[PDB]
file structure-v1.cif (mmCIF, C-alpha atoms; chains and numbers go by the auth columns)
data_coords
loop_
_atom_site.group_PDB
_atom_site.id
_atom_site.type_symbol
_atom_site.label_atom_id
_atom_site.label_comp_id
_atom_site.label_asym_id
_atom_site.label_seq_id
_atom_site.Cartn_x
_atom_site.Cartn_y
_atom_site.Cartn_z
_atom_site.B_iso_or_equiv
_atom_site.auth_seq_id
_atom_site.auth_asym_id
ATOM 1 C CA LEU A 1 107.853 102.405 115.719 0.00 1 A
ATOM 2 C CA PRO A 2 105.544 100.276 113.445 0.00 2 A
ATOM 3 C CA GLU A 3 106.714 100.127 109.772 0.00 3 A
ATOM 4 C CA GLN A 4 106.095 98.395 106.384 0.00 4 A
ATOM 5 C CA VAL A 5 108.705 95.900 104.992 0.00 5 A
ATOM 6 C CA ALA A 6 110.471 96.506 101.617 0.00 6 A
ATOM 7 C CA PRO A 7 110.018 93.992 98.681 0.00 7 A
ATOM 8 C CA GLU A 8 113.818 93.861 97.823 0.00 8 A
ATOM 9 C CA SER A 9 112.797 92.889 94.205 0.00 9 A
ATOM 10 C CA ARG A 10 114.986 95.531 92.372 0.00 10 A
ATOM 11 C CA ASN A 11 118.562 96.884 91.970 0.00 11 A
ATOM 12 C CA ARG A 12 120.183 99.253 94.591 0.00 12 A
ATOM 13 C CA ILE A 13 118.696 102.571 93.315 0.00 13 A
ATOM 14 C CA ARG A 14 120.206 105.750 94.923 0.00 14 A
ATOM 15 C CA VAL A 15 117.511 107.200 97.267 0.00 15 A
ATOM 16 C CA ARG A 16 119.631 108.245 100.351 0.00 16 A
ATOM 17 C CA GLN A 17 117.837 111.526 101.237 0.00 17 A
ATOM 18 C CA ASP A 18 117.162 112.911 104.777 0.00 18 A
ATOM 19 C CA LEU A 19 114.146 111.995 107.038 0.00 19 A
ATOM 20 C CA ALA A 20 111.604 113.342 104.463 0.00 20 A
ATOM 21 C CA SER A 21 111.270 115.982 101.659 0.00 21 A
ATOM 22 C CA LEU A 22 110.156 115.367 98.073 0.00 22 A
ATOM 23 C CA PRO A 23 112.410 116.978 95.386 0.00 23 A
ATOM 24 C CA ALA A 24 111.646 120.453 93.937 0.00 24 A
ATOM 25 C CA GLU A 25 110.419 118.860 90.652 0.00 25 A
ATOM 26 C CA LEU A 26 107.385 117.285 92.491 0.00 26 A
ATOM 27 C CA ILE A 27 106.845 120.462 94.561 0.00 27 A
ATOM 28 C CA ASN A 28 106.467 122.169 91.115 0.00 28 A
ATOM 29 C CA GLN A 29 103.377 119.948 90.356 0.00 29 A
ATOM 30 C CA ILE A 30 101.611 119.692 93.770 0.00 30 A
ATOM 31 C CA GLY A 31 102.070 123.309 95.133 0.00 31 A
ATOM 32 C CA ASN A 32 98.846 123.012 97.282 0.00 32 A
ATOM 33 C CA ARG A 33 100.154 120.930 100.299 0.00 33 A
ATOM 34 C CA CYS A 34 99.399 117.401 99.066 0.00 34 A
ATOM 35 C CA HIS A 35 99.977 115.694 102.487 0.00 35 A
ATOM 36 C CA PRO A 36 102.798 118.006 103.843 0.00 36 A
ATOM 37 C CA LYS A 37 104.202 115.194 106.124 0.00 37 A
ATOM 38 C CA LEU A 38 106.213 114.327 102.981 0.00 38 A
ATOM 39 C CA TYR A 39 107.850 117.799 103.358 0.00 39 A
ATOM 40 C CA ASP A 40 108.038 117.771 107.229 0.00 40 A
ATOM 41 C CA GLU A 41 111.020 116.049 108.922 0.00 41 A
ATOM 42 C CA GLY A 42 110.023 112.940 110.961 0.00 42 A
ATOM 43 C CA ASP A 43 111.482 109.479 110.171 0.00 43 A
ATOM 44 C CA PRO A 44 111.439 107.335 106.921 0.00 44 A
ATOM 45 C CA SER A 45 110.022 104.278 108.836 0.00 45 A
ATOM 46 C CA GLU A 46 107.181 106.345 110.464 0.00 46 A
ATOM 47 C CA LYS A 47 103.596 105.513 109.329 0.00 47 A
ATOM 48 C CA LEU A 48 101.461 108.440 108.071 0.00 48 A
ATOM 49 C CA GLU A 49 97.636 108.623 107.812 0.00 49 A
ATOM 50 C CA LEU A 50 96.979 108.905 104.030 0.00 50 A
ATOM 51 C CA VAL A 51 93.543 110.623 104.449 0.00 51 A
ATOM 52 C CA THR A 52 92.142 112.086 107.714 0.00 52 A
ATOM 53 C CA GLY A 53 89.560 109.942 109.601 0.00 53 A
ATOM 54 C CA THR A 54 90.046 106.897 107.242 0.00 54 A
ATOM 55 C CA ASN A 55 92.762 105.524 109.632 0.00 55 A
ATOM 56 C CA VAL A 56 94.670 104.187 106.532 0.00 56 A
ATOM 57 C CA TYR A 57 98.423 104.230 107.353 0.00 57 A
ATOM 58 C CA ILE A 58 101.418 104.068 104.923 0.00 58 A
ATOM 59 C CA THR A 59 105.167 104.273 105.826 0.00 59 A
ATOM 60 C CA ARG A 60 106.853 107.625 104.828 0.00 60 A
ATOM 61 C CA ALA A 61 109.571 105.780 102.801 0.00 61 A
ATOM 62 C CA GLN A 62 106.814 103.929 100.828 0.00 62 A
ATOM 63 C CA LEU A 63 104.990 107.242 100.047 0.00 63 A
ATOM 64 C CA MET A 64 108.408 108.748 99.096 0.00 64 A
ATOM 65 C CA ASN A 65 108.926 105.737 96.759 0.00 65 A
ATOM 66 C CA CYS A 66 105.384 106.153 95.268 0.00 66 A
ATOM 67 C CA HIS A 67 106.106 109.897 94.647 0.00 67 A
ATOM 68 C CA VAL A 68 109.601 109.504 92.991 0.00 68 A
ATOM 69 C CA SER A 69 108.412 106.536 90.829 0.00 69 A
ATOM 70 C CA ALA A 70 105.123 108.173 89.669 0.00 70 A
ATOM 71 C CA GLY A 71 106.218 111.875 89.940 0.00 71 A
ATOM 72 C CA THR A 72 104.692 112.866 86.498 0.00 72 A
ATOM 73 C CA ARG A 73 102.089 110.018 86.036 0.00 73 A
ATOM 74 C CA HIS A 74 98.944 110.087 88.271 0.00 74 A
ATOM 75 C CA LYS A 75 97.754 106.564 87.165 0.00 75 A
ATOM 76 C CA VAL A 76 101.198 105.133 88.089 0.00 76 A
ATOM 77 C CA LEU A 77 100.739 106.785 91.538 0.00 77 A
ATOM 78 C CA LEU A 78 97.338 105.015 91.868 0.00 78 A
ATOM 79 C CA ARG A 79 98.945 101.589 90.965 0.00 79 A
ATOM 80 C CA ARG A 80 101.969 102.124 93.320 0.00 80 A
ATOM 81 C CA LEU A 81 99.835 103.380 96.251 0.00 81 A
ATOM 82 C CA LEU A 82 97.147 100.632 95.933 0.00 82 A
ATOM 83 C CA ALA A 83 99.807 97.867 95.753 0.00 83 A
ATOM 84 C CA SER A 84 101.255 99.481 98.976 0.00 84 A
ATOM 85 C CA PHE A 85 98.081 98.270 100.846 0.00 85 A
ATOM 86 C CA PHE A 86 96.935 95.201 98.782 0.00 86 A
ATOM 87 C CA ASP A 87 100.299 93.427 99.358 0.00 87 A
ATOM 88 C CA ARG A 88 98.655 89.968 99.910 0.00 88 A
ATOM 89 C CA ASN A 89 96.467 87.706 97.679 0.00 89 A
ATOM 90 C CA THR A 90 93.323 89.880 98.458 0.00 90 A
ATOM 91 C CA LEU A 91 93.487 91.586 94.990 0.00 91 A
ATOM 92 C CA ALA A 92 94.484 88.239 93.337 0.00 92 A
ATOM 93 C CA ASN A 93 91.237 86.585 94.627 0.00 93 A
ATOM 94 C CA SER A 94 88.788 89.565 94.412 0.00 94 A
ATOM 95 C CA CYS A 95 87.810 91.458 91.202 0.00 95 A
ATOM 96 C CA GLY A 96 88.905 94.965 92.452 0.00 96 A
ATOM 97 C CA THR A 97 86.744 97.861 93.749 0.00 97 A
ATOM 98 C CA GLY A 98 82.952 97.324 93.729 0.00 98 A
ATOM 99 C CA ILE A 99 83.637 93.707 94.979 0.00 99 A
ATOM 100 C CA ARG A 100 81.230 91.951 92.558 0.00 100 A
ATOM 101 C CA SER A 101 81.682 88.387 91.203 0.00 101 A
ATOM 102 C CA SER A 102 83.013 87.522 87.692 0.00 102 A
ATOM 103 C CA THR A 103 81.233 84.066 87.784 0.00 103 A
ATOM 104 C CA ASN A 104 78.080 82.460 89.323 0.00 104 A
ATOM 105 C CA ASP A 105 80.292 80.620 91.950 0.00 105 A
ATOM 106 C CA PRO A 106 81.752 82.069 95.254 0.00 106 A
ATOM 107 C CA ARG A 107 85.627 82.144 95.103 0.00 107 A
ATOM 108 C CA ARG A 108 86.288 85.755 96.300 0.00 108 A
ATOM 109 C CA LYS A 109 87.339 87.432 99.617 0.00 109 A
ATOM 110 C CA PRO A 110 86.582 90.662 101.626 0.00 110 A
ATOM 111 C CA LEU A 111 88.543 93.442 99.813 0.00 111 A
ATOM 112 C CA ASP A 112 89.296 96.518 102.033 0.00 112 A
ATOM 113 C CA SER A 113 87.225 99.264 100.324 0.00 113 A
ATOM 114 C CA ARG A 114 88.456 101.724 103.042 0.00 114 A
ATOM 115 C CA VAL A 115 91.992 101.859 101.507 0.00 115 A
ATOM 116 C CA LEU A 116 90.489 102.217 97.990 0.00 116 A
ATOM 117 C CA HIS A 117 88.419 105.197 99.270 0.00 117 A
ATOM 118 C CA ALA A 118 91.555 106.960 100.627 0.00 118 A
ATOM 119 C CA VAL A 119 93.850 106.035 97.611 0.00 119 A
ATOM 120 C CA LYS A 120 91.315 107.033 94.867 0.00 120 A
ATOM 121 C CA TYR A 121 90.463 110.356 96.583 0.00 121 A
ATOM 122 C CA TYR A 122 94.159 111.100 97.439 0.00 122 A
ATOM 123 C CA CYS A 123 95.144 110.446 93.774 0.00 123 A
ATOM 124 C CA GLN A 124 92.282 112.808 92.727 0.00 124 A
ATOM 125 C CA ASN A 125 93.847 115.477 95.036 0.00 125 A
ATOM 126 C CA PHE A 126 97.103 114.929 93.061 0.00 126 A
ATOM 127 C CA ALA A 127 95.051 115.127 89.768 0.00 127 A
ATOM 128 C CA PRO A 128 91.621 116.972 89.840 0.00 128 A
ATOM 129 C CA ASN A 129 91.029 115.788 86.212 0.00 129 A
ATOM 130 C CA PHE A 130 91.728 112.064 87.102 0.00 130 A
ATOM 131 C CA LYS A 131 88.211 110.532 87.169 0.00 131 A
ATOM 132 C CA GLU A 132 87.126 107.548 89.309 0.00 132 A
ATOM 133 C CA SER A 133 86.174 105.712 86.046 0.00 133 A
ATOM 134 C CA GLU A 134 89.942 105.392 85.297 0.00 134 A
ATOM 135 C CA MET A 135 90.702 104.325 88.901 0.00 135 A
ATOM 136 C CA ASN A 136 88.002 101.592 89.083 0.00 136 A
ATOM 137 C CA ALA A 137 89.334 99.990 85.850 0.00 137 A
ATOM 138 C CA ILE A 138 93.006 100.281 87.047 0.00 138 A
ATOM 139 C CA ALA A 139 92.278 98.690 90.492 0.00 139 A
ATOM 140 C CA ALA A 140 90.665 95.637 88.743 0.00 140 A
ATOM 141 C CA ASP A 141 93.516 95.505 86.111 0.00 141 A
ATOM 142 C CA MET A 142 96.723 95.995 88.236 0.00 142 A
ATOM 143 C CA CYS A 143 98.979 94.883 85.281 0.00 143 A
ATOM 144 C CA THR A 144 101.679 96.850 83.325 0.00 144 A
ATOM 145 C CA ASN A 145 104.069 96.072 80.431 0.00 145 A
ATOM 146 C CA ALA A 146 107.030 98.328 81.507 0.00 146 A
ATOM 147 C CA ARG A 147 108.481 100.227 84.567 0.00 147 A
ATOM 148 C CA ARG A 148 108.236 103.779 83.023 0.00 148 A
ATOM 149 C CA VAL A 149 110.091 105.422 86.013 0.00 149 A
ATOM 150 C CA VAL A 150 112.568 107.172 83.592 0.00 150 A
ATOM 151 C CA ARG A 151 110.954 110.661 83.995 0.00 151 A
ATOM 152 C CA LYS A 152 114.408 112.285 83.278 0.00 152 A
ATOM 153 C CA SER A 153 113.494 115.956 84.032 0.00 153 A
ATOM 154 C CA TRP A 154 115.910 118.791 85.050 0.00 154 A
ATOM 155 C CA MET A 155 114.127 122.232 85.317 0.00 155 A
ATOM 156 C CA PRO A 156 117.281 124.445 85.783 0.00 156 A
ATOM 157 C CA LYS A 157 117.037 127.536 88.111 0.00 157 A
ATOM 158 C CA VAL A 158 113.416 126.592 89.182 0.00 158 A
ATOM 159 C CA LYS A 159 114.314 126.845 92.951 0.00 159 A
ATOM 160 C CA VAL A 160 114.036 130.709 93.046 0.00 160 A
ATOM 161 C CA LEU A 161 110.477 132.154 93.422 0.00 161 A
ATOM 162 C CA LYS A 162 108.633 135.547 93.714 0.00 162 A
ATOM 163 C CA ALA A 163 108.231 137.109 97.208 0.00 163 A
ATOM 164 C CA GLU A 164 104.777 137.224 98.988 0.00 164 A
#
call {"tool": "encode", "arguments": {"input": "structure-v1.cif", "output": "structure tokens"}}
result
Amino acid sequence: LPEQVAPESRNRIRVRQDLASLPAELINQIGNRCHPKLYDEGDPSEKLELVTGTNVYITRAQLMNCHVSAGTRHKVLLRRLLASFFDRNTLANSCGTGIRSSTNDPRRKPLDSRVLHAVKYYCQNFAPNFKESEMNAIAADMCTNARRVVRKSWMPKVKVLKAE
């Protein structure tokens, strides 16, 4: 079973769920089957195709991590999900999406615009109002001043729903 390797750069955060399944608080915001493999039981180390026909594959546990960390912030999800493909010095050498030089001298590398296509679109499925003009600035930026994972929601008795 091919899988992505963890960065081990943080404290031992409690994340010991089953094989899959996003919490009800994210289900309350998606509601339209935003890649239902994150609801369907498989394995945490299993790779999942992010967008059909793109052949862009991310490990379920890394998409789970992207979703719990960015669960109320769609531009955090973009940052998390892009950094889950541009793991190497590709984005350190090349000036983000559009792959155009910042100087009159060649110092840049082939950036994989196929993962950008899937990530930008997939983040627009999570946020119909999230324009590509934010995403194209963010992909070239890839810098933040704080973690901002402290979403701290509760939503009591939200689990019960009307019959259909």
call {"tool": "resolve_selection", "arguments": {"input": "structure-v1.cif", "expression": "the PyMOL selection byres ((chain A and resi 30-47) around 10)", "output": "NGL selection string"}}
result
:A and (1-5 or 17-23 or 25-29 or 48-51 or 56-64 or 67 or 71 or 122-123 or 125-127)
call {"tool": "resolve_selection", "arguments": {"input": "structure-v1.cif", "expression": "the PyMOL selection byres ((chain A and resi 136) around 12)", "output": "JSON, numbers by chain"}}
result
{"A": [75, 78, 79, 82, 95, 96, 97, 98, 99, 113, 116, 117, 119, 120, 121, 130, 131, 132, 133, 134, 135, 137, 138, 139, 140, 141, 142]}
call {"tool": "atom_distance", "arguments": {"input": "structure-v1.cif", "atom1": "atom CA of residue A:106", "atom2": "atom CA of residue A:54"}}
result
28.8 Å
call {"tool": "atom_distance", "arguments": {"input": "structure-v1.cif", "atom1": "atom CA of residue A:24", "atom2": "atom CA of residue A:152"}}
result
13.7 Å
call {"tool": "atom_distance", "arguments": {"input": "structure-v1.cif", "atom1": "atom CA of residue A:6", "atom2": "atom CA of residue A:87"}}
result
10.9 Å
call {"tool": "residues_near_point", "arguments": {"input": "structure-v1.cif", "point": "(92.6, 88.8, 95.7)", "cutoff": "10 Å", "atoms": "all atoms listed in the file", "output": "ChimeraX atom specification"}}
result
/A:86-96,107-111,140
call {"tool": "axis_aligned_box", "arguments": {"input": "structure-v1.cif", "around": "stretch 116-128 of chain A", "padding_each_side": "6 Å", "output": "lines of an AutoDock Vina configuration file"}}
result
center_x = 92.8
center_y = 109.6
center_z = 95.2
size_x = 20.7
size_y = 26.8
size_z = 22.9
call {"tool": "residues_near_point", "arguments": {"input": "structure-v1.cif", "point": "(108.8, 102.2, 83.1)", "cutoff": "12 Å", "atoms": "only C-alpha atoms", "output": "PyMOL selection string"}}
result
chain A and resi 69-70+72-73+76+144-152
call {"tool": "write_last_selection", "arguments": {"input": "structure-v1.cif", "atoms": "C-alpha atoms", "output": "PDB file, in the frame of the given file"}}
result
ATOM      1  CA  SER A  69     108.412 106.536  90.829  1.00  0.00           C
ATOM      2  CA  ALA A  70     105.123 108.173  89.669  1.00  0.00           C
ATOM      3  CA  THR A  72     104.692 112.866  86.498  1.00  0.00           C
ATOM      4  CA  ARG A  73     102.089 110.018  86.036  1.00  0.00           C
ATOM      5  CA  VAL A  76     101.198 105.133  88.089  1.00  0.00           C
ATOM      6  CA  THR A 144     101.679  96.850  83.325  1.00  0.00           C
ATOM      7  CA  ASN A 145     104.069  96.072  80.431  1.00  0.00           C
ATOM      8  CA  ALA A 146     107.030  98.328  81.507  1.00  0.00           C
ATOM      9  CA  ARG A 147     108.481 100.227  84.567  1.00  0.00           C
ATOM     10  CA  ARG A 148     108.236 103.779  83.023  1.00  0.00           C
ATOM     11  CA  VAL A 149     110.091 105.422  86.013  1.00  0.00           C
ATOM     12  CA  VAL A 150     112.568 107.172  83.592  1.00  0.00           C
ATOM     13  CA  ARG A 151     110.954 110.661  83.995  1.00  0.00           C
ATOM     14  CA  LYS A 152     114.408 112.285  83.278  1.00  0.00           C
TER      15      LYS A 152
END
call {"tool": "decode", "arguments": {"input": "structure-v1.cif", "residues": "stretch 60-89 of chain A", "atoms": "C-alpha atoms", "output": "mmCIF file, in the first residue's frame"}}
result
data_model
loop_
_atom_site.group_PDB
_atom_site.id
_atom_site.type_symbol
_atom_site.label_atom_id
_atom_site.label_comp_id
_atom_site.auth_asym_id
_atom_site.auth_seq_id
_atom_site.Cartn_x
_atom_site.Cartn_y
_atom_site.Cartn_z
ATOM 1 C CA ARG A 60 -6.295 9.728 3.548
ATOM 2 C CA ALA A 61 -4.528 10.668 6.849
ATOM 3 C CA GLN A 62 -3.011 13.776 5.129
ATOM 4 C CA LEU A 63 -6.468 14.866 3.794
ATOM 5 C CA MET A 64 -7.895 14.182 7.309
ATOM 6 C CA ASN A 65 -5.104 16.419 8.723
ATOM 7 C CA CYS A 66 -5.831 19.163 6.098
ATOM 8 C CA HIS A 67 -9.579 19.029 7.025
ATOM 9 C CA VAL A 68 -9.183 19.160 10.890
ATOM 10 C CA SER A 69 -6.499 21.926 10.674
ATOM 11 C CA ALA A 70 -8.396 24.133 8.151
ATOM 12 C CA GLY A 71 -11.998 23.044 9.055
ATOM 13 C CA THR A 72 -13.390 26.679 9.068
ATOM 14 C CA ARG A 73 -10.728 28.461 6.869
ATOM 15 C CA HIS A 74 -10.730 27.697 3.086
ATOM 16 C CA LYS A 75 -7.392 29.564 2.437
ATOM 17 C CA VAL A 76 -5.715 27.486 5.199
ATOM 18 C CA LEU A 77 -7.044 24.362 3.380
ATOM 19 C CA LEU A 78 -5.414 25.631 0.133
ATOM 20 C CA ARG A 79 -2.019 26.171 1.955
ATOM 21 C CA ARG A 80 -2.178 22.751 3.758
ATOM 22 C CA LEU A 81 -3.244 20.817 0.619
ATOM 23 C CA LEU A 82 -0.671 22.492 -1.716
ATOM 24 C CA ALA A 83 2.187 21.877 0.775
ATOM 25 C CA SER A 84 0.965 18.190 0.790
ATOM 26 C CA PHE A 85 2.200 17.908 -2.875
ATOM 27 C CA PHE A 86 4.995 20.579 -3.093
ATOM 28 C CA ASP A 87 6.975 18.885 -0.262
ATOM 29 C CA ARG A 88 10.389 19.424 -2.003
ATOM 30 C CA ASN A 89 12.317 22.580 -3.100
#
